[PDB]
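Contents: one structure, followed by commentary.
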Amino acid sequence: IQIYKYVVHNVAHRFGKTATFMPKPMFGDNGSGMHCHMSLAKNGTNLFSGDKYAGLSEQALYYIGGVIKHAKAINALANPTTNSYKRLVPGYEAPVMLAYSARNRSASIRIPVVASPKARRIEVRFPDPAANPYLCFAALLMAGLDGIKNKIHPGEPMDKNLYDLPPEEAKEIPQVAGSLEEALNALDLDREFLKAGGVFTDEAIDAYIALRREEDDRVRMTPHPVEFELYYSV
Amino acid sequence: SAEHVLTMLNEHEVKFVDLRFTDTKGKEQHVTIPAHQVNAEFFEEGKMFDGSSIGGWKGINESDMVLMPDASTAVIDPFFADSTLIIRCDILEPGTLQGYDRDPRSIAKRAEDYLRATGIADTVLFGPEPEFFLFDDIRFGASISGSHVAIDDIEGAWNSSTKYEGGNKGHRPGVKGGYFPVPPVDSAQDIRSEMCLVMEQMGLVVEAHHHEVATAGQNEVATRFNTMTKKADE
Ligand SMILES: [Mn+2]
Ligand SMILES: [Mn+2]
């Protein structure tokens, strides 16, 4: 990703343009997002496969579990700078639900169709072109297996897009932690599953947070063009 | 009566008699008569002009029933005094009645008075509530090569970003939100207030005025009900 980026930025610039991995440059359009597909394998066997729901397997499910469990803490890692979340605004289109489906998007975890079990996977889309693939991936994984690890179980897939007497517990329904401060928080608490293995010191975590923190501030202290729109003549 | 009008003529000095008089298959029209020329004959046999707006094959002159010599008043607006004194269509001619291809004011009455000959009742009241738009610049055109139109008036959201010099001053009503909000924000009253004064001056009865709901100068002035023929002409 580190290259993928350098190259874009550069040819793009060499061509005559500026290239930007920001998640939501403009409003009412599409702000790039970095979907991440994944699966672990043992020998030349992806223990993500099997029977039981869309191909897949027990194993996978704990994964689907893991993410869903610390979704918030993760998106603190794989969803920074504020902008991140202007995309992670409740859509229906927008993947903010914490479920899995093979359709019924809105659903932040898509188990794409498959064919050859040879390649059965998990697409967790919410992550945005803005994270150190490093932390992000790590944290994705790190969780994924703490689920894989101590049981932890998805339950059922969506297949029933968002839209349900908004409340009607559709309200109840687990969300993609929309909103930095919030996300920041999660991570402050979730520590654990990260911290586990050594892959992640308290610091690391701390420092990290601590950083995103500042930006989050600069952003809210600075008054916004729109606020005038609506709030000015009062 | 004329005897009357007659005074009024001296009551005020006046010269000329005109503004608003005939009125098309579409709307409003006038011709100006030197103050003299008025005199019974005039009141009794009219004046006549011809065709243009609805009319076919030559010369169909039409009597101008200098009339509803009630519907007569000093127009503020024109320069030098003058009795705007409608006319009951062109009456016809020698028959003397429905102006060629119309006589909108006529039709009015046929209707009206016809009503009367049914017994369904005796008098029909109409109280229309006409709203209008008040803007600053209105440019448009169309032609082989292109077409277009532009509207502007300090107000109408759009204008905020707009630079002025005395400069912005930013209080204005944003899209469906011109809702009687008090002044700074209200392009202004004085225009309405004012319109009332004259409206009454002209002889209508005002019931209340205010801003309707539109970003850029939607204004409404209300007026007490009448009789079709009267109100219509009001
Ligand atoms: Mn994808
Ligand atoms: Mn109205």
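Chain labels run A, B, ... following the order of the structure tokens; each chain numbers its residues from 1, and ligands are numbered from 1 in the order shown.
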* To do: All residues within 8 Å of ligand 1 are required, counting only C-alpha atoms and all ligand atoms; please report them as a PyMOL selection string.
  => chain A and resi 35-37+123+125
If we count only C-alpha atoms, which residues of chain A reach to within 9 Å of chain B? Please list them as a tab-separated table (two decimals) with N, CA and C atoms, in the first residue's frame.
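Result file selection.tsv:
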```
chain	number	residue	atom	x	y	z
A	229	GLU	N	-23.76	29.16	7.79
A	229	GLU	CA	-24.90	28.90	6.89
A	229	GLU	C	-26.17	28.97	7.75
A	230	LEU	N	-26.19	27.98	8.64
A	230	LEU	CA	-27.31	27.75	9.52
A	230	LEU	C	-27.34	28.59	10.74
A	232	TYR	N	-25.63	31.60	11.79
A	232	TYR	CA	-25.35	33.00	11.78
A	232	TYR	C	-26.44	33.93	12.24
A	233	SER	N	-27.33	34.19	11.31
A	233	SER	CA	-28.41	35.16	11.58
A	233	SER	C	-29.33	34.66	12.66
```
Extract, using only C-alpha atoms, all DNA, RNA and protein residues at most 7 Å from region 34-38 of chain B, discarding same-chain residues fewer than 2 positions from it, and format them as a PDB file with C-alpha atoms, in the first residue's frame.
```pdb
ATOM      1  CA  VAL B  14     -55.836  66.232 -13.899  1.00  0.00           C
ATOM      2  CA  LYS B  15     -55.207  66.133 -17.666  1.00  0.00           C
ATOM      3  CA  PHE B  16     -54.971  62.803 -19.486  1.00  0.00           C
ATOM      4  CA  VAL B  17     -57.035  59.728 -18.459  1.00  0.00           C
ATOM      5  CA  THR B  32     -54.138  58.296 -22.988  1.00  0.00           C
ATOM      6  CA  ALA B  40     -70.518  62.771 -21.769  1.00  0.00           C
ATOM      7  CA  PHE B  42     -67.686  60.293 -24.288  1.00  0.00           C
TER       8      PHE B  42
END
```
* To do: Quick one: everything within 10 Å of residue 161 (chain A), counting only C-alpha atoms, minus sequence neighbours fewer than 6 positions away in the same chain. Send it as a PyMOL selection string.
  => chain A and resi 92-93+97+101+103-107+170
Same residues, C-alpha atoms, output as a PDB file, in the first residue's frame:
```
ATOM      1  CA  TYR A  92     -27.806   2.118   3.435  1.00  0.00           C
ATOM      2  CA  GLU A  93     -25.279   2.126   0.714  1.00  0.00           C
ATOM      3  CA  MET A  97     -23.831  -2.231  10.181  1.00  0.00           C
ATOM      4  CA  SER A 101     -23.956 -10.996   4.230  1.00  0.00           C
ATOM      5  CA  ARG A 103     -25.216  -9.020  -0.183  1.00  0.00           C
ATOM      6  CA  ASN A 104     -27.406  -6.913   2.052  1.00  0.00           C
ATOM      7  CA  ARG A 105     -24.594  -4.335   2.184  1.00  0.00           C
ATOM      8  CA  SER A 106     -25.013  -1.513   4.680  1.00  0.00           C
ATOM      9  CA  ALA A 107     -23.420  -4.619   6.105  1.00  0.00           C
ATOM     10  CA  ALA A 170     -32.566  -1.720  13.789  1.00  0.00           C
TER      11      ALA A 170
END
```
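Note that the spacing between CA of residue 142 (chain A) and CA of residue 214 (chain A) amounts to 26.0 Å.
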